[PDB]
Each structure stands twice: as structure tokens, then as C-alpha cells.
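[1] PDB entry and its sequence, pasted below:
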Amino acid sequence: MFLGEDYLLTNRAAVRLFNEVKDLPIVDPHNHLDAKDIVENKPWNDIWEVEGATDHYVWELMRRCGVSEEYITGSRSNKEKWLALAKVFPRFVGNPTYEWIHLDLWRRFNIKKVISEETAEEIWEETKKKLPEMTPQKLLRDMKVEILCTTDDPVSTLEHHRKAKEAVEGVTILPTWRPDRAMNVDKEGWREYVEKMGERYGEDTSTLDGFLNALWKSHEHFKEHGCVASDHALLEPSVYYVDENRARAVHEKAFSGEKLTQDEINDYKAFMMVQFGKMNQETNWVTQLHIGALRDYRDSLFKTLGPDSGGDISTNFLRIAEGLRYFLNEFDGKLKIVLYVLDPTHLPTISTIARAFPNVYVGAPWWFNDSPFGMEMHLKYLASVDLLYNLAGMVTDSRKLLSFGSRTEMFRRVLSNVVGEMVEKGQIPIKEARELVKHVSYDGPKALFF
Amino acid sequence: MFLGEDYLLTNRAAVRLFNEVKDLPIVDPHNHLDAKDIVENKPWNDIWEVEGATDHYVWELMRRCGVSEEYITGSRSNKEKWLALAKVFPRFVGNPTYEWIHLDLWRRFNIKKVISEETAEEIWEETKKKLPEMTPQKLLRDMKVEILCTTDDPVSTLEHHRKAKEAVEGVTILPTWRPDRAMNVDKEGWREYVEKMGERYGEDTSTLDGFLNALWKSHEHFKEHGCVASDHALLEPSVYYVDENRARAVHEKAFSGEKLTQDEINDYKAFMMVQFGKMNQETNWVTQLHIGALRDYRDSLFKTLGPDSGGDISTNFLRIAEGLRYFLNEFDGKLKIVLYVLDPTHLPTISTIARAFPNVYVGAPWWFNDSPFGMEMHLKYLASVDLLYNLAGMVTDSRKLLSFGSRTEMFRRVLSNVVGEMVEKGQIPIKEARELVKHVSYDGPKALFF
Amino acid sequence: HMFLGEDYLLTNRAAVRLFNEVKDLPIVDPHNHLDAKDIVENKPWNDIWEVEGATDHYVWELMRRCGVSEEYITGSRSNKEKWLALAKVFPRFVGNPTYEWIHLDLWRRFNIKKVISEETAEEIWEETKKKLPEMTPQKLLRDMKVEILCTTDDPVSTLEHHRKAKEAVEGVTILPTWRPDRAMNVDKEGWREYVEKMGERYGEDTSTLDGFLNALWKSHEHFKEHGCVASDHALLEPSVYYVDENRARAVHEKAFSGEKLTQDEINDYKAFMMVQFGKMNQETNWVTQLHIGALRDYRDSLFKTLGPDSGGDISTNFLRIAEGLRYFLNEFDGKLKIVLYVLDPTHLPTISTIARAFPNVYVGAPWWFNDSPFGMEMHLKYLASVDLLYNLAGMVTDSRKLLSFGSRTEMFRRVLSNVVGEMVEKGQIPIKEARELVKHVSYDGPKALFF
């Protein structure tokens, strides 16, 4: 039964439901794809390129198996990198990556082999012959992707998005406004950034107003490219009321290597968030908040590869509710907000929070949590406290095209398995199941973000 | 089959168990019913009155579905309020309310239709014709409710409880001593309250001793009406050792609009809790503690409807163990205490706490948590750490009569499903399962509170 | 329906093949609370009570939770009376792992397939009495196929019986494990007496940090020489930061003179000692086990009466794990094999992601209140979805009683095999790798990690 028809499906009801939704087009509110690569439409050369070269999950697991970096991010050939992953792939059994990579192979290349030393070479060769006919745009069309949203920096000119709107066929590729750098006054680089922003937008950014003026122009810049959302990464959401003169003072201090106090950083951040909210009210943008990623926990990884290189963890010790309280009461009914949490242990907080504010939505299982297990828990749980029906929608969070489909498949099977179970336990009539499941997989998120 | 016989049952064993307990009478340690309504024995007029008019859960989800307040707590006719709920009811699929309301329809009115715009009018008309023969006392008798306990304020006269003991034929309706207002010195009307209390009990309440004297008379007042329990709502249980002079100082400060320090509030609360424990020792009352409800989180709801209007949430950031420690060691073996937790994430704390103090009991899944999902997790989990057998007992927490039976059904099915499973995996012989299940559904709780 | 039979805990066919694959693998037990002297003396037990309840604080708890006075728990009533009370009340244990463990021992070891209750009490006591003679530790160690054990030992210990066990016990390797908690706990009443004992046995001026360290290192070398390969550490709130030796020295000297030390002093002292235990372990390549989250002696009456490990320790969800481990972890990144255990399952995600980012870190088995078919199913499925089930540190018995070993080991392997079975049948894992995964986790993996 490996990756077969009833993969992840445990009841008959689940199977009708999945059959009802499997061919719905993919709507992807958030991913880490680059538009330039779609516009250039260049094939891939290797399964390594496609599957491991830019997947930090793969790097992690690979390191967790005792495979030196030579073959992870280092200077060994793709083919060698590939052979090592396969050598060790059977130890990944149980973890979503094991399933995703195989799903790509079976659904995209139609190579139904199981990965291991024994199979490594035959798979490498079979994929090499097939990779050429494969292009992003061909893949986008094959996987029925209707809309994508990438994550972009306020400073970006959105050039490729422009070109994609022009020439890319049946996909809508929207940018998403992520102003985290702007917000992070603790980051070395903040100043260079604040300096770049004034440059690109024509503003005295060494002043808060000028920087805000620059952020607003950035936001308008994004509006004009069909953008409908802001993504925000926060460890401990701490939003309270922050005076402009204090904000102004801190902002100016920041331009002069002052080690700012925690209060200064916090005040600065609380303030910037309220301003992102104001900006987004004026455009009716969905405000996504990704809470709880402790980043660059692992020093050696930071100093060597830097961010997003495999050393971020979650922590359970976070004041969520009292930290969002001001923001949420402030934009109550005025702003669509979607909440994500990295520690599933915090679902209840966000879930109850969403139960009490019609403008707030619970996101899909986020990072370490997007796994059949996490999806089962996240959904069953969320269904019993708010409404499954308002789930913001599946998010690929993917760095690689092939994932899209397989990621989308996994999600829909699990969601359809979850509802199936409830249908068979007699909690949900089949009719409304069929409707619930369709809404969540497509109509709902489409309506919400677009 | 929706809401059929094996609703919530997943194994044969479960079915024997459920059949064993389905006809046991209902014992309801805690609910938010009014005795006056039971004594007056007035029929309801509408399914709206019966199902939505006073159910804040229904208010929540309706708001979560985008239905304006006009049709929630506003000025639209019951019939319009009803039609809106049904219009949108299919989006509730997955949430316990969807099941509860249908269960009432099927078990009480014998209307086996599924709620939707298509069905709205036919249901409304069928229920209107049947609602007359329906009364509280007839319903109490029908649903086999043997004992209820409402929640009452220390100031109450318990008049209708008196009347109900006199005239209500096969139900025992007991009041429950909830002294939260007395405890909450941060609340606006604390003073007015402290003033009322001395008035009804004849004490100079602007003095701690006089207030205490007043609370004790209240407690004796309750004793005389067959009361056997105190309910306490606490966000962050913080009980330590508080001097009467300090307590006395704070109490007097509180009578003169002093913005008291957090330490003053805390000390005053710590002190009041210990004195509630003392009072309960002398009467051997069960002390219920409901931990973790962040209330009136949503401002607009507070300013508009006020409390219990749909804006309370849970939060995971609570120091439970070290906050209960003083209390618990203090009343170790001297007081029956039941713990409830709003965030399921905190079960392990309370569960291990209960595992170490024979006077401490773990309550049923509490608020956002009473849902087939919540019950399954709460129970399996609790069973593996302490003893399912000492579970305090199912609690309806309901504001509406009809719920009682359906609430009681759901619970017993799930409980019986959970033990069924363990019987089928060979962890529990069927004989002790039958015993376990019967004890938990009736005998245990009845013995524990009565 | 069938209780404690062949498919006990098994919910799918795949699970059954997997379990049959591993049920006969020998037991490797990285951590337990056994005493080597009892193994060396090889003395039979007298009663089921002795064997099952006399020294099992879980049984003490549940009995107290059933309303049975201490007379019959740790008090002065005869074993037989203690036993009869336990049975009287045993049916109320239904659902809790102890109910299943004790029965498993009866059925797998004594072959007494009866179910425990008042009705059965006397017939079980009499059947076990006749069988208990032929039963010995060493006979049991051989019967239950235990290849390796590791006890928990205090740095002051002379490891005498471990010596004798190496010599005369054939078939089993009984290793000591270095637990320096007392040394670390400067808040404890007898810390000083301890610090004094340590210098005595190791010949050092312990009123001094260097001397105490010198003493700890000698203890560590003392353990090395008895084939020890691990240190166990119990911490509530791991708070490891950077602590200067002069401050450490200052605090240590203060501690020798009844000074109520400040929380910072205690914390500093602990942070410092942990980094030093890490250093000592680097030099020997010892596995560093950290058991996080036990609030102990929470219940006073139990403390004043029986003291520690008597049934009054609880878990708490309010712990800063990640930022507390951060210095340690970044400090020994790639240099030290660390295994993490968490007492509140709600903290798994932290340790699990932590382990996902450091190849030298391993997630332990479900620990205390969590080792239960329920805890194991959750712990495992969960861990599988975030790091690799395949690197699980390995099952740990944690047991204070021999008979448990096998039953403990059985429960675990069934559940592990039930969990993997499920994923095999949902089509997430080919059967070949499942067979491999399951065998690795049950034996080869844990063996190579600790040994």
C-alpha cells in the first residue's frame, strides 16, 4: 500500500471526499518561490537540484543521519549528494520528507521505485532523461496551480512578478509584503536596510516619518502588483501602545550604534506592527502572523551558512494572548488576520482567539507541524473549538515547484481523512462533508485572500 | 448513518458499554441553570429561544459565519434569528454545537431532519406544535435528571431553590457557592458588592472581619439549602501565605478607590482563597477550581454586551503548579478539591497534581474542551496517568435544559468508546470496563458530591 | 474480549509482523534504578508484594488514590495484607499502565493467567509463593534476555557490587551511570555533608571548588574504570549560561557557611557545574542524559514523612527549556552526545526541534508519567513527524524491579511496532524499512548509542 490510492485514507467516506477534491486547482497563499525562475522557465538538471539542493529539511535530516556537509551544502557533485541522500533515505521513514520526495517521483516522473542505495543510480538516470521536458510553467500547468503568492521584501522592485503577469499563462503569481527586516531593529544590518529603503523610495529614512513614508510607498508599490497580504514573523508578539515621539526617539537612536534597551526594541516593534496594521486596513490586506520561531538557535550554523540553514527551533515559553491583545482589539472587525503557531501546544490559544474575533483565522499546520500527524491533530482539534470551515487554507510554504502537488495532495487526503472519520462516526452528514471539504480546499481560501 | 445508534462508537465493546449506561439517571454537579424557570415551569415558544437565544456558543459561531448581530442578540424576531442560524448551520459541521442541537431535535422532538435553509421552516413549524407539551419539569423527568447544581452568588436568597425543593417532584436542585465577585477586588463594582453583602447579612463589611463574617453567614445560608460545593474561577492560581493585617489593610484600601498594586490584589486573593478553603473544611464541601479563563479579552464585546458574551479565551502561559502548591499542601487530606483547566495543554499538570493528592480530583473536559475530540483526549490521557475511575464526573455546564440529555449522551458514548477501545486492545477486561463505565457515569460522581 | 493476549496493543496486521520480528531481541537498558548488590546476592523474593508493590512508588500512589490507608502501603501490615488490599482495589486501576504491567509479569513470568481482584487475591498469592523460589534475579536476567543494564549511581559510590557483578554475573553487563545531582544541588540541606564526604573518599579539600572539581573528576575516572558510559542529570528549569570560576568559587565557599544563597548564586553555581560535567564527559565521550521538568517533593506531608521518591513529585508546564539549554547546547555542539527527556509531553516539540537541529542530540523515550501505551503512541508518532523515529535514543525501563524489565520491554516494542504498523498500512512506509526501523530502534540503535 506504499503511496497507493488509499495513502493516508482510513475509511470509505474519506475516499469519496478525496475523490471530490483531488482535481481542484491549487491556490497557494504563501510559498518561498522565486518569480524569476518561473519566468526564465529553465529545466532542472538533477533530482538533487530539484529535491535536496535547496530544501533545508533535507539538509537537516541528512545531518541527523551523520552525513558530513561535504555532501549537503558543500562542494561535492550533485550526483554524489544524491547518492548519499538515497544511501541514508530509509532512515527518514516516518518523516514527511520521506513521503514528499517519493510522491514527487511517483506523481511527476512516474518512477514508482523506493529510494535507497540499491535504487539510487537507476532513479538518477531515469530522472535525468525526464527532467528536460519538465519546466516550471509546464509543471505549474500540470499541477493545476491557479494562484501563488511568494514572499517579498518591501525593498524589492517586483520586476519578475511584472514579467510573470505579462507572459505566464494560467497562473497568478502575487507578491506578499514581508517587512520583518524593517521591524527588526536588533538585527545587524537594520541601518543599511533603512538606508536602502529611503534610497529606493526617496525619503529621509533616518527619520521615522520618512521611513514610514517609505514603507507606505513600498506598500502602494506592492498594491499595484496585485498584492493582498503581509506576512510577519514574531517570536513573542508584544503589541501595546507606542507613542510616535518615543518611536521617533528609538528610531534615531538606532541610527547611531546604540545598544537599545529591550524596552526600546519592544516599543519600536509594537509601534511598527500597529503601523503595518493601519497600512493594511487601507488596502484590506490579509495580515498573516507567524508566531514562535526561535531562529538561529544553533550558532555554528549561523556563522557558517547563516539564516534558514537548519538551526531554528520552536519554544513553548511564549506569552501569546496578552501580547496580541492590543493589536487584536485594535483591529477588531477592521482587518483580516491569520494566525500561525510553531508549537502545536499553542493551538488552543490561537484557536480560542479566533473563536472570539470573526476577523481572525486559524492558519494551516505550519512548519514542523505540516505532516500527516500534525495535520490530523491540528484539524481534528481546530474542528472541535472553532469551525473547520473557516480554516484559512492549505499553505505549501515550499521552496520547490514539484512539492506543490505532493504537498497539496497530502493535505487534501488528510483533511479528507479527518472529515471522513467524522462522517463515519455520525457527526457529519455526507452532504455537508462534501461541501466542507470543497470549501476548505479551494473556494474558502480563494475568497479569503483573493 | 448520521446521529444513529453507533454515533461516536468505533468498536463493538463500546456498544455494550454504552447500552449499559445510557439509561442511568443524570447527575449534574454544575450547570448555569436558573431554578426560577424550573419552578415556573413555563414552556418555550421557539426553537430559537430553546437553542440560540441564550447559548453564547451559538452567538460565537454565528458571528464566525459572518451573520450580523441583528440576528444574534439584536432586534430581529426569533423566527428570523432561527432562519439565519439554519441558513449558516452547515458551516458548523465538525463543531459540537452542530451535534448538540441536532441531538436535541432528534432525541426530544423526534424530528430527524438535518438543519439547513431547506429545512429551516419545516423544523420551526414542527417544533412550534410540540413545544407546548414541553416543560422544564416534564423535560427533567423525561431526561432522567436526578440531581442538578446551579451556580449562585453568595448574596442570593436561594428563594426558588426553596420552592423547587418543595414542589419539584423527582429532581434535586442544589445551589453552588460561587464567591468570585467577593474575591475580585479589581472589578469595578467590588465595593457595591461588599456593601450589598453586609446589608443582606448584617455586618460592617467595610471591614475584613465583617466581610468574612458576612461570607460565612452566606456559606451557612447555602449549607441550609443542601449546598455541597464552591466553584472558583481563577486565571493564574496564586495562593501563598497572607497576614490578616495585610489582608485587612488591602481590604480597607479597596473601599477608597485606591488603584491597588498587583501585590495587594494578589495578597487579597490568596487570602480569600485560603478562607474559602477553611469555610469549606468546616462543611466538607467539594471545592471546584476552574483554572485559566482569560475573560473579556475582546473589548467591543465587553463594552457592548459585557461578560459571557463570546469574548473569553484560554492562554497557555500560566503558572499552575507553583500557584496551587500552598493551597494544596495546606488542605492536603482535609478538603475534596476538583481541578478544571481551560487549556488542554495543562492537563498533565493537574493530572500529576491529582496523582499525588488523594483529596484532589480531575474534572471533565471543561469548556472549549467538551467535544468528542476533547473528551477522547482528556480521557485517554487521564487514564494513563491517574485513574479514569476517579474522574470527578461529567458536567453539563449548560444554560439550557434540552442540552442536558444530549450533553449527557455525547459524554457517555465517548467515555464508553474510549474504554471500549482499551477493552479491544486487551488492556481492560470487559467486567471491569462495565464497572468502570458505570462508576464514572453515575455512582462515582454521585458519591463524590453527594 | 481478550485481555493481555497475542495482539495486545496491536491494531493492524503489519504491526504483528513487526512485533514478531523484535520480540525475541535481547534487552538493552540504558537506565534503570536497580541495585547491583541484589543481583550479586541473587536472593529470591518471598512475595508478590515484595516483587510488585513493596518498592514500586507507582503502586503506592494508586493505592493512596484508591483510599487505602498507608497501614497497607509503606506501613506495618504484613506483605500478605498489603497484597490483598492491592488486589481488593486493583480493578479501579483499569486503564493505567501499572494495571497492565503487574498482570504482564504474572502471565509472562509465573504463567498465572488469572485477573487480579479480591476473588483472585489468595489463589494468586499462593500460586506465586510456590513459584518464587526457583526465581532469581540472575535466572530472571537470563530468562528475560537482558544483555545490558545501567543503574544510577552516586559519584561517592565505590561501585563494589558492580565489580562483583562484572566478575561473577554471566550473560549481563551491569554498568553504573554517573548521577552528580547532589553535588550540583547547593540548595539541598546536606550538600555540605556531601561535599565533605566527597573530599574524604577522593582525598581533596572540598571546601574549595577546585578540590571539589578535582574530587568529581576522580569520581568520574573511578566510574570510567567500571565501564561507565553516561551521566544522568535531573533539572527542573535548565538554566545554563556563562559562569566565571571566581564567582563559582565565591559561591562554593559561601555554601560552606550556612549562607542562604541568592537565586542567582544557586543558578550561577548550577550553570557552572553543568558546563563542567559536560567538559568531563567530553574527555570520555559519555552520553549526557538530561531529564528535564520534575517538580519534586511538591507534597510536603509525603516529604516530611517518607521523604523523596515517595509519591509526591509532579510535572509543570511552566518551564523555559530552549533558552535555558541554548548555551550548553551551542557549547557542546558536535562534541558531546546528549539525550533529552521531558516530563511534560507538552514540551516534546521543544526538545524534538532542538534535536532536529543538533546531530549530537537525541530524543529519549517517553519518560515517567508518560510511559504508557498512550504516552508511547503520542510520543512516537509525534517524534516521527518532526525528527527521525530512527534516531530514538531507545526504550528505557526506569524500573526498580526486575520482573518489570520484560513486561516493560514488551509493552514498548508492541506499541512501537503498532505505530510503525499503522504507517505501513496507511502507505507511508514500505514494509522492508519498517522491519529495519523497528529492529534498529529496539536493539541495534540504542546499543550503538550508549555502547
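    Perfect, I can see it now. Residues are numbered from 1 along each chain as shown, chains lettered A, B, ... in the order given.
[2] Let me know how buried residue A:263 is, in neighbour terms.
    Number of residues near residue A:263 (other Cβ atoms under 10 Å in any protein chain shown) recorded here: 10. Just so you know, the C-beta spots here come from the backbone N, C-alpha and C atoms, and that holds for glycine as well.
[3] Dump whatever helix or strand it lives in to PDB, restricted to CA.
    Assigned by DSSP states H and E, residue A:263 belongs to helix A:262-283. C-alpha atoms of helix A:262-283 as PDB (Å, rounded to 0.1, in the frame of the first residue of the first chain):
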ATOM      1  CA  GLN A 262      14.800  45.700  25.400                       C
ATOM      2  CA  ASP A 263      12.000  48.200  26.100                       C
ATOM      3  CA  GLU A 264      13.300  50.300  23.200                       C
ATOM      4  CA  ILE A 265      13.300  47.400  20.800                       C
ATOM      5  CA  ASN A 266      10.000  46.200  22.100                       C
ATOM      6  CA  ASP A 267       8.400  49.700  21.900                       C
ATOM      7  CA  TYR A 268       9.800  50.000  18.400                       C
ATOM      8  CA  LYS A 269       8.300  46.700  17.300                       C
ATOM      9  CA  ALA A 270       4.900  47.300  18.900                       C
ATOM     10  CA  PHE A 271       4.800  50.500  17.100                       C
ATOM     11  CA  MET A 272       5.800  49.200  13.700                       C
ATOM     12  CA  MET A 273       3.200  46.400  13.900                       C
ATOM     13  CA  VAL A 274       0.300  48.800  14.600                       C
ATOM     14  CA  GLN A 275       1.500  50.700  11.600                       C
ATOM     15  CA  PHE A 276       1.600  47.700   9.400                       C
ATOM     16  CA  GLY A 277      -2.000  47.100  10.600                       C
ATOM     17  CA  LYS A 278      -3.000  50.700   9.700                       C
ATOM     18  CA  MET A 279      -1.400  50.300   6.200                       C
ATOM     19  CA  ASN A 280      -3.200  47.100   5.700                       C
ATOM     20  CA  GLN A 281      -6.600  48.400   6.800                       C
ATOM     21  CA  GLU A 282      -6.400  51.000   4.000                       C
ATOM     22  CA  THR A 283      -5.900  48.200   1.400                       C
END
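[4] now check it, is it near chain C?
    No: with Cβ under 8 Å from any Cβ of the partner chain as the criterion, chain C is not reached by helix A:262-283; the gap is at least 13.8 Å.
[5] what's the following helix or strand after that helix?
    Counting by DSSP H and E, the element after helix A:262-283 in chain order, helix or strand, is strand A:286-291.
[6] what helices or strands is that following strand leaning on?
    strand A:229-234, helix A:262-283, strand A:337-341 (3 or more Cβ pairs under 8 Å, 6 or more residues apart in numbering or on different chains; DSSP states H and E).
[7] quick one: contacts of that strand?
    Applying Cβ atoms under 8 Å, 6 or more residues apart in numbering or on different chains, the contact partners of strand A:286-291 are A:29-30, A:176, A:228-235, A:237, A:276-277, A:280, A:318, A:320, A:324, A:331, A:335-342, A:346, A:350, A:363, A:366, A:448-449.
[8] Could you restrict these to the ones contacting chain B?
    Among the contacts of strand A:286-291, the ones lying near chain B by Cβ under 8 Å from any Cβ are A:318, A:320, A:346.
[9] Take these and keep only those in helices.
    In helices, judged by DSSP state H, none of those are found.
[10] Tell me the one among these nearest to residue B:219.
    Nearest to residue B:219 among those, counting by Cβ to Cβ, is residue A:320 at 37.9 Å.
[11] Now the closest one. Its backbone dihedrals?
    Residue A:320 has phi and psi values of phi -80, psi -60 when expressed as degrees, to the nearest 10.
[12] re the thing from before, would you list the ones next to chain B among the contacts of strand A:286-291 in a markdown table and tack on distance to chain C and neighbour count?
    Shown next, in a markdown table, are these (distance: Cβ to the nearest Cβ, whole Å; neighbours: other Cβ atoms under 10 Å in any protein chain shown):
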| residue | distance to chain C | neighbour count |
| --- | --- | --- |
| A:318 | 10 | 23 |
| A:320 | 14 | 24 |
| A:346 | 10 | 25 |
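[13] picking up where we left off before, mind checking which of the contacts of strand A:286-291 are buried?
    The neighbour-count test (16 or more other Cβ atoms under 10 Å in any protein chain shown) marks A:29-30, A:176, A:228-235, A:237, A:276-277, A:280, A:318, A:320, A:324, A:331, A:335-342, A:346, A:350, A:363, A:366, A:448-449 as buried among the contacts of strand A:286-291.
[14] What is the burial count for residue A:66?
    10.
[15] Can you give the domain ranges for chain A?
    A:1-42+A:134-450, A:43-133 (curated CATH domains).
[16] Nearest residue to residue A:56 in space, ignoring adjacent ones along the chain?
    residue A:310 (5.1 Å; Cβ to Cβ, 6 or more residues apart in numbering or on different chains).
[17] Surely that neighbour and residue A:58 touch.
    No: the pair residue A:310 and residue A:58 fails to qualify as a contact (Cβ atoms under 8 Å) at a distance of 9.6 Å.
[18] which residue is nearest the centroid of chain A?
    Centroid check for chain A by Cα atoms, centre = their mean gives residue A:397 as the closest residue, at 3.0 Å.
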